[PDB]
Amino acid sequence: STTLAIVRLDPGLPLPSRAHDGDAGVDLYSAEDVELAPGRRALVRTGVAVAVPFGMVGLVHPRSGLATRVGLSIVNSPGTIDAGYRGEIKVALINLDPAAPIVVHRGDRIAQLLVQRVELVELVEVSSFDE
Amino acid sequence: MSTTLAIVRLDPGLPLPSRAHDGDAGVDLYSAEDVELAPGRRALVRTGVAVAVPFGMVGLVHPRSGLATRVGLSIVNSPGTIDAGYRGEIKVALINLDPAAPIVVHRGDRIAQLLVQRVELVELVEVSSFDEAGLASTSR
Amino acid sequence: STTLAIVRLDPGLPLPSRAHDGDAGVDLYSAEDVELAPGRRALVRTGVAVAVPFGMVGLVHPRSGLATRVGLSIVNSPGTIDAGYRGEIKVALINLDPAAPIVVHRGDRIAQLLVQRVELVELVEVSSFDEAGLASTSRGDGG
Ligand SMILES: O=c1ccn([C@H]2C[C@H](O)[C@@H](COP(=O)(O)NP(=O)(O)OP(=O)(O)O)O2)c(=O)[nH]1
Ligand SMILES: O=c1ccn([C@H]2C[C@H](O)[C@@H](COP(=O)(O)NP(=O)(O)OP(=O)(O)O)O2)c(=O)[nH]1
Ligand SMILES: O=c1ccn([C@H]2C[C@H](O)[C@@H](COP(=O)(O)NP(=O)(O)OP(=O)(O)O)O2)c(=O)[nH]1
Ligand SMILES: [Mg+2]
Ligand SMILES: [Mg+2]
Ligand SMILES: [Mg+2]
């Protein structure tokens, strides 16, 4: 078990948690009410900040059910949460349905957060690859 | 020098997903159905397979690059997350992001790729603030 | 400890770099100027080729700033760069804003590249999840 320090910037939301055992991610809540008309986007506060360990990355993924049912997606998916980042996690939701709005209420689960190792590669410039 | 991934062909008529080259990150998933997507429209497509992602790992459903450029095919929830506990059929939320040309998916077409990666099953520890936790000062 | 070999196919762009220590991605440059009208897409050259090590994968992710501010996205995100690939990295940009075109100039940072280990799992066909001792889990076929 890797530990992850989290601050509830919004104390009124539940702490993100694993929907089932072995699940890859924890769901993030919206701190806000917002309505997305077809094709529109918004940057939604989640009410949390995290300290992803050095050598790791946090990844913000859309939820499948809302994706199919209403066309909810994320413009920068997967969103990359860097180890050094100590601000509020924000989710760039977009409505990809052509005709119907998406209604987001505060306290809805709008995205999921995974933590993974990342290779912090040193780039080494070469003149050519070995053919 | 990795593990196996157990896979069921719920639809025995499709080929088993396979890793085309030894280093390729993903195995391609096929469509079990015919579906036509008009511009801007989406569908939830069955792949005909179920997998058993190992505990401590995750399955990741990513788009194929060719179809993305050639016709604007995308996946609404990309990257799709396949959890270790899930034993249902993998489904792909396809969308046509081209403004004008319909995309026709045929049964047997490759529509996505499935990667498997380790994931950290984190224990969240609530802190009152970062300065007060002893871990503020960063690069950002 | 891991290095990534990289060739600047376009010698007039900087080598990609990490914006801050610990950051997961290096930012990729556009080699070209492109204007994307609402809903249109382009395949944009970055001027670099890389050699992802066997056992790893390169992943091309959108940058959050441009995504939120102008609706810039990547059609096949996350773009998968395989260990066997030695061609130029190309980015399938798309303008998801309904009204405003996006202008990209040569030298702009239009995406970021992560490298991660990948599990090169050996697929084994089984008859069913019950017969493989695998039908006992937290979800079943729910989700
Ligand atoms: O964002 C990307 C993604 C891929 N690529 C390159 C790297 C990679 O290994 C290669 C193939 O990726 P896909 O499998 O996603 N495309 P597709 O399955 O259509 O073609 P192929 O038959 O080559 O696998 O294209 C990029 O340059 N940028
Ligand atoms: O979905 C996201 C993605 C990023 N972020 C925060 C966390 C991260 O470390 C940071 C930067 O992400 P990007 O590198 O994708 N954005 P960009 O390159 O535009 O800005 P920067 O100069 O900060 O890296 O923004 C979010 O809150 N939500
Ligand atoms: O692209 C996908 C994504 C997920 N899935 C399956 C696998 C996964 O374990 C499951 C749940 O995924 P999400 O957590 O993204 N969906 P949601 O949060 O809507 O449903 P649930 O309440 O079950 O978690 O659905 C697919 O078949 N295809
Ligand atoms: Mg879920
Ligand atoms: Mg491929
Ligand atoms: Mg950045």
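All chain C residue numbers match Swiss-Prot; in order, they span 2-144.
Using N, Cα and C of the backbone, Cβ positions are placed for all residues, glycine too.
Positions annotated as substrate binding site by Swiss-Prot: C:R64, C:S65, C:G66, C:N77, C:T81, C:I82, C:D83, C:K91. C:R64 (substrate binding site) carries neither a helix nor a strand DSSP state and counts as coil. Around C:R64 (substrate binding site), the same-chain residues at least 6 positions away in sequence with a Cβ under 8 Å from its Cβ are C:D28, C:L73, C:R110, C:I111, C:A112, C:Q113.
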Considering only CB atoms and a limit under 8 Å, which binding-site residues from C:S65, C:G66, C:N77, C:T81, C:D83 lie near chain B?
C:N77, C:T81, C:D83
Of C:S65, C:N77, C:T81, the binding-site residues given in the record, which has the fewest other CB atoms within 10 A of its CB?
C:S65
For the binding-site residues C:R64, C:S65, C:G66, C:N77, C:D83, return the ones with C-beta distance to chain A below 8 angstroms, or 'none'.
C:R64, C:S65
When the Cβ positions of the binding-site residues C:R64, C:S65, C:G66, C:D83 are compared with the atoms of ligand 1, which fall under 6 Å?
C:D83
Where the C-beta lies under 6 angstroms from ligand 2, the matching binding-site residues among C:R64, C:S65, C:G66, C:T81, C:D83
C:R64, C:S65, C:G66
